[PDB]
Amino acid sequence: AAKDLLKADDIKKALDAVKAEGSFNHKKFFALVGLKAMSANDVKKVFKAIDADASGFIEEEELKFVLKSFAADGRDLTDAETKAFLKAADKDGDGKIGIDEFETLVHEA
Ligand SMILES: [Ca+2]
Ligand SMILES: [Ca+2]
């Protein structure tokens with residue numbers, strides 16, 4: 001759904017930089033693809049897609065396929081890479097990244 005809403009080549013540079021098995025962080029990746037360039041509104045729409053279980057929330061499982069909107073199966077978290085996104089974006093440390101938390105980590109990425 002966000003594959004046509006992106007630049008295409010921007011997703012090939014971020015994923016090509018993290019493809020390693022633990023080379024993903026979340027800042028250099030999103031900063032590359034260009035998700036922060038989107039507008040807070042078009043960001044709430046990017047998150048609505050991150051929301052895998054349609055629960056207006058980004059749970060740890062979402063993090064596993066966080067880059068799914070860009071690729072049904074693009075970057076497959078290594079597990080440790082998923083433990084970074086969760087402890088790098090979850091500021092309140094609640095276990096769920098709502099929008100403001102997500103759009104805040106997508107723009108500061
Ligand atoms: Ca959710
Ligand atoms: Ca949170």
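These residue numbers are counts, starting from 1, taken along the chain as shown.
Quick reminder: no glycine exception, Cβ is built from N, Cα and C everywhere.
Listed in Swiss-Prot:
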MOD_RES   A2  N-acetylalanine
DOMAIN    38-73  domain 'EF-hand 1'
BINDING   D51, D53, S55, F57, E59, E62  Ca(2+) 1 binding site
DOMAIN    77-109  domain 'EF-hand 2'
BINDING   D90, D92, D94, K96, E101  Ca(2+) 2 binding site
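Separation of the C-alpha atoms of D92 (Ca(2+) 2 binding site) and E59 (Ca(2+) 1 binding site): 14 Å, rounded to the nearest whole number. The Cα of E101 (Ca(2+) 2 binding site) lies closest to that of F57, out of the recorded positions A2, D51, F57, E59, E62. Closeness to ligand 2 is met by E101, these being the recorded positions among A2, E59, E62, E101 whose Cβ falls under 6 Å from the molecule.
For the pair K96 (Ca(2+) 2 binding site) and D51 (Ca(2+) 1 binding site), the Cα-Cα distance reads 10 Å. Sequence-remote contacts of a segment are chain residues at least 6 beyond its ends whose Cβ falls under 8 Å from one of its Cβ atoms, and for the domain 'EF-hand 2' (77-109) they are 18, 21-27, 29-31, 35-36, 38, 40, 43-44, 46-47, 50, 56-60, 62-66. Residue pair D53 (Ca(2+) 1 binding site) / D94 (Ca(2+) 2 binding site) shows a Cα separation of 17 Å.
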